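Visitor: If you're matching them up, the sequences are chains A and B in order.
Heads up: the first sequence begins at 1 in my numbering, then just goes up one per residue.
Heads up: the second sequence begins at 1001 in my numbering, then just goes up one per residue.
Please find one structure pasted underneath; my questions will follow.
2 protein chains.
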Amino acid sequence: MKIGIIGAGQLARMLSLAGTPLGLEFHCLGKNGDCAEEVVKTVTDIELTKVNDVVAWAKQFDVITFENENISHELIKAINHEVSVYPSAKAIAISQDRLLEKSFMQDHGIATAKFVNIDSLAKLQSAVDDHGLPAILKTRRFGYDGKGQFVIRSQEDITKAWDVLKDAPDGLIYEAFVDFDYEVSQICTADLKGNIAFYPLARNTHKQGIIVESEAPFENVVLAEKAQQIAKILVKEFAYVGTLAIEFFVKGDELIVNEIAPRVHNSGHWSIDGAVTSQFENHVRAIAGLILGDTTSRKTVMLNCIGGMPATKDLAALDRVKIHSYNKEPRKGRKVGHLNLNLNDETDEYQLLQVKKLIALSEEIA
Amino acid sequence: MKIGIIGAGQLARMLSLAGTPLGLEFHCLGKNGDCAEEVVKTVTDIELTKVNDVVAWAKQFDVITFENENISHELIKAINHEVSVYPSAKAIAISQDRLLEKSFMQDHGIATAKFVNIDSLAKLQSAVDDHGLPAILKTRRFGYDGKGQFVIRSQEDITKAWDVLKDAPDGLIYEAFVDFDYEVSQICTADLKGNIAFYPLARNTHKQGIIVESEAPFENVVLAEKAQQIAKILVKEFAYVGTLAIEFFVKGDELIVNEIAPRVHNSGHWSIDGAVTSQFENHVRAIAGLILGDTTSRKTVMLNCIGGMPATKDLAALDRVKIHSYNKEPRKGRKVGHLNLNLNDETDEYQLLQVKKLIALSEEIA
Ligand SMILES: Nc1ncnc2c1ncn2[C@@H]1O[C@H](COP(=O)(O)O)[C@@H](O)[C@H]1O
Ligand SMILES: Nc1ncnc2c1ncn2[C@@H]1O[C@H](COP(=O)(O)O)[C@@H](O)[C@H]1O
């Protein structure tokens, strides 16, 4: 079977790494020299606006998936008319727009931050009067790593925020600050028949709006149950096939949806080395029409390498650390790799502290 | 760092699968369309007799290794003059010739089958008179999967055996049958400094001269100690760097060396899914000058898929089985993949029996 992936970045790279031993063949649409290239059969660089050409490319393969939900959902719908694409155009459309995403949650009685669509400065001032400060003005689309937003605490910030972001082509959204204690994410995978394989919750730590650490399983039976029920609704309503990620704010035993990504997700990279079947292998199994792999898991920490990565020689000296370099070009704010470590004993804690020390020396976050 | 691999078969494929997340780049010398191609950066098809061209290719890279010890050890020595090759020309020379291999063991007080170099029919008759029947006449070189040999039990078999094999360009060897209860193998990896990382013993089951099943760890502290000591001698004498495989006959608490392979080996494929660091990742680490990864292991069975492989859909239904298709062309006697399964509980035994049933339907051994 041949799987086409829109995107040739690190997620596609890891999808191919996971799915290739299954006997599947991988082809990417992306730029040559992108990091998935050396682990896939072909990479073809087609401009994504050239719809007919993208479709023509897609039809060479048996199933299509994608690594970035920011892509055109009409493009997906076109492709899907001709060759199966997972997950759905609906999942893309809803997950890629903060307004549609939060509105969807609200429509199904699922908690989010209080939010207001912002199409004028007055609308913004009204949202601040209603729902308070601090708050964030965000682009509805193409936001990533906390970019494309402006935090608001003073009245003077309102006009400043508006002046910067007002011309964002796909609009804006006001979000009120959420009162939360910590953050977790629910990753799961849904097969062709709607069966869902669940990972345990992962507790995610952020720095400057970028995820820097993920630890799983996060043990809280109450919270896990709620997350799974929320996951189930999304899978049903999206008729979802593939790996799905849901990020939550946690306050007490209440979960609040932050946002979702219709794909394998940074907060699940731990499963490469902490689960019997990773988020990547299971995404591939799902879209290939196969029964999903067992997701039994063991305590694992994932550490992100942003802007830089410690020398492989130094990493290798911590002989239990599992190394995941994406073979990317070091650059401030750029995710160039991650590290996984199972945590069983004190010797693991030792290496962990040592890993964090190495990361602190190499890391460059924006 | 760039690693050149002589060979583009399944071992090179798995070497790249293991080493790529380490941030290493892989290039093979082999035929285009070979199974390593889709997971490496380049495959270059150079005739191996064209020595200068092979060397020219090799110098593009930082270190060279190989997946098949049947290659020319003088070729290796030439390459190594210009760019580091691991393991050594010595390891190749000794391991690739049954006579040199057994003579080496004898020279170091290591048990093997009784053996005699055969260069005439009389020599053969003399070896039979001396060391008895049954016995095997084998080619000294290029034997694999039990091919290139003739078993001898009757006096009439002697002349028959000789008539078939007499013109083997690199000669022949008589081996007397070994009295043994079962077979095990010791795989280990030696780094640039001579540090060795040991895997637990694997108990190997053969059918028609081909390995069909490998189970690890094989728990016998006495036997393991002897194996490690034998492994150590080889590493020192070969000045060995890389993964090394030693196959043994077992009788009581005595080990008898069968043969060695200077490389990752079928009997270690279980470590992909049963060890913290696989034989493949550790070979790559070794040759790349890195500290080796922890080899803590869990009970795992590996089953070979020979001649054929069960449908991925059927395999996937056994959701704990780890699938390793080499994406190869089905053909009698051909190793087209393997399956790994951790064994912890009764549910695993269930899937295991079910795997074996599937394999029995797809398998074609010669
Ligand atoms: N309404 C909010 N209240 C508090 N923190 C937020 C809010 N929205 C986003 N964040 C932070 O921003 C991170 C993700 O940013 P984003 O790219 O907007 O999803 C989250 O993990 C939070 O730390
Ligand atoms: N001298 C011997 N006595 C008994 N069995 C042998 C002998 N030599 C080889 N074998 C069998 O042949 C297999 C490997 O064949 P080869 O390719 O010759 O190493 C071993 O695993 C044994 O089952």
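Note that the Cβ used here is the ideal one computed from N, Cα and C, for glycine as well.
Per DSSP, what are the beta-bridge partners of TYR182(A) in this structure?
Guide: Its beta-bridge partners are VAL250(A).
Visitor: Which of the three DSSP states, helix, strand or coil, is assigned to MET14(A)?
Guide: The answer is helix: DSSP assigns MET14(A) an H, G or I state.
Visitor: Which bits of chain A does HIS1324(B) rub up against, with CB to CB less than 7 angstroms?
Guide: Within 7 angstroms Cβ-Cβ: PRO21.
Visitor: Can you name the residues that DSSP bridges to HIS1108(B)?
Guide: None, per the DSSP bridge assignment.
Visitor: For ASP1191(B), which residues from the same chain have a beta carbon less than 6 angstroms from its beta carbon, with the 5 sequence-adjacent residues on both sides left out?
Guide: Here the set comprises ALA1286, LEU1292.
Visitor: Step through the CB atoms of chain C and report whether any lies within less than 8 angstroms of the CB of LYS1313(B).
Guide: In the structure shown, chain C cannot be found, because the protein chains are A and B.
Visitor: Mind pulling the chain A residues with CB within less than 8 angstroms of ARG1285(B)?
Guide: Within chain A, the residues near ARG1285(B) are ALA316.
Visitor: Which whole-angstrom value describes the C-beta separation of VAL1178(B) and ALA1113(B), a residue pair presumed to lie in contact below a C-beta threshold of 8 angstroms?
Guide: Going by Cβ atoms, the distance from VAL1178(B) to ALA1113(B) rounds to 5 angstroms, so yes, they are a contact pair.
Visitor: Determine the chain B residues that contact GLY293(A) at a beta-carbon separation under 7 angstroms, and present them in chain order.
Guide: Within chain B, the residues near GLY293(A) are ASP1319.
Visitor: Looking only at its own chain, which residues have a Cβ that is under 6 angstroms from the Cβ of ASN1068(B), when we skip the five neighbours before and after it?
Guide: Excluding sequence neighbours, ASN1068(B) sits near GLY1007.
Visitor: Any C-beta of chain B sitting closer than 8 angstroms to the C-beta of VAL51(A)?
Guide: Chain B contact via Cβ: absent.
Visitor: Any C-beta of chain A sitting closer than 8 angstroms to the C-beta of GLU1082(B)?
Guide: Not an interface residue.
Visitor: Do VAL1264(B) and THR1296(B) come within 8 angstroms of each other at the CB atom, strictly closer than that value?
Guide: Taking 8 angstroms as the Cβ cut-off, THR1296(B) and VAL1264(B) do not qualify as a contacting pair.
Visitor: Shortest alpha-carbon distance to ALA78(A) belongs to which of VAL55(A), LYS226(A), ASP273(A), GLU237(A)?
Guide: Nearest C-alpha to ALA78(A): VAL55(A).
Visitor: Classify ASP1045(B) as buried or exposed, calling it buried when 16 or more other Cβ atoms lie within 10 Å of its own Cβ.
Guide: When all chains shown are included, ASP1045(B) counts as exposed.
Visitor: Sorry if obvious, but does the Cβ on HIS206(A) come closer than 7 angstroms to a heavy atom of ligand 1?
Guide: Indeed, a heavy atom of ligand 1 lies less than 7 angstroms from the Cβ.
Visitor: Leaving out five residues before and five after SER362(A) in sequence, what residues of the same chain have Cβ atoms less than 6 angstroms from its Cβ?
Guide: Result list for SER362(A): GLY308, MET309, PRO310, in chain order.
Visitor: Starting from the beta carbon of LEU290(A), find every residue of chain B whose beta carbon is closer than 9 angstroms, and list them in chain order.
Guide: Residues of chain B passing the Cβ test: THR1312, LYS1313, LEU1315, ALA1316, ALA1317.
Visitor: Check the DSSP bridge columns for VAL151(A) and list the partner residues they point to.
Guide: Per DSSP, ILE136(A).
Visitor: Interface residues of chain A around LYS1041(B) at Cβ under 7 angstroms?
Guide: Residues of chain A passing the Cβ test: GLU38.
Visitor: Using three-state DSSP, classify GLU1025(B) as helix, strand or coil.
Guide: Three-state DSSP puts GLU1025(B) in a strand.
Visitor: Out of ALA1036(B), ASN1258(B), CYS1028(B), which one is the CA nearest neighbour of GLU25(A)?
Guide: Out of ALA1036(B), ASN1258(B), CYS1028(B), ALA1036(B) has the C-alpha closest to the C-alpha of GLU25(A).
Visitor: At a cut-off of 7 angstroms, would you count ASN1327(B) as near ligand 2, judging by its Cβ distance to the nearest heavy atom?
Guide: The answer is no for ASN1327(B).
Visitor: Ligand 1 heavy atoms versus the CB of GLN149(A): any closer than 7 angstroms?
Guide: Correct: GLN149(A) has its Cβ closer than 7 angstroms to ligand 1.
Visitor: May I ask you to report which of helix, strand or coil DSSP gives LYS2(A)?
Guide: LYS2(A) falls in the strand class under three-state DSSP.
Visitor: Pick out the complete alpha helix (DSSP H) segments inside the segment 31-88 of chain A, 4 residues or longer, and give them in chain order.
Guide: As far as the segment 31-88 of chain A is concerned, its whole alpha helix (DSSP H) runs of at least 4 residues are 51-58, 73-82.
Visitor: Near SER1084(B), what residues of its chain come up, given a Cβ to Cβ distance below 6 angstroms and the 5 sequence neighbours on each side ignored?
Guide: Here the set comprises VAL1063.
Visitor: Grab the span of the beta strand (DSSP E) containing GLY1337(B) for me, first residue to last.
Guide: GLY1337(B) -> beta strand (DSSP E) spans 1335-1342.
Visitor: Tell me the start and end of each unbroken beta strand (DSSP E) in the segment 1224-1277 of chain B that is at least 3 residues and wholly inside, in chain order.
Guide: Here the runs fully enclosed are 1242-1251, 1254-1261.
Visitor: I want to verify the contact list: residues of chain B whose CB lies under 8 angstroms from the CB of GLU25(A), in sequence order.
Guide: Correct list: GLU1038, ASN1327.
Visitor: Applying the criterion that 16 or more other CB atoms from any shown protein chain within 10 Å of the CB defines a buried residue, is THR1049(B) buried or exposed?
Guide: Classification for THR1049(B): exposed.
Visitor: So, are the CB atoms of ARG141(A) and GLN96(A) less than 8 angstroms apart?
Guide: The answer is yes: Cβ separation under 8 angstroms.
Visitor: Less than 8 angstroms between the beta carbons of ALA161(A) and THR139(A), yes or no?
Guide: No; because the gap between Cβ atoms is not below 8 angstroms, this pair is not in contact.
Visitor: Go ahead and pull the three-state DSSP assignment for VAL321(A).
Guide: Reduced to three states, the DSSP call for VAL321(A) is coil.
Visitor: Below 6 angstroms CB to CB, which residues in the same chain sit around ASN266(A) once its five sequence neighbours on both sides are set aside?
Guide: So the list reads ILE211, once near-sequence residues are dropped.
Visitor: Can you tell me whether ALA176(A) sits near ligand 1, meaning its C-beta is under 7 angstroms from at least one heavy atom of the ligand?
Guide: Within the cutoff, so yes.
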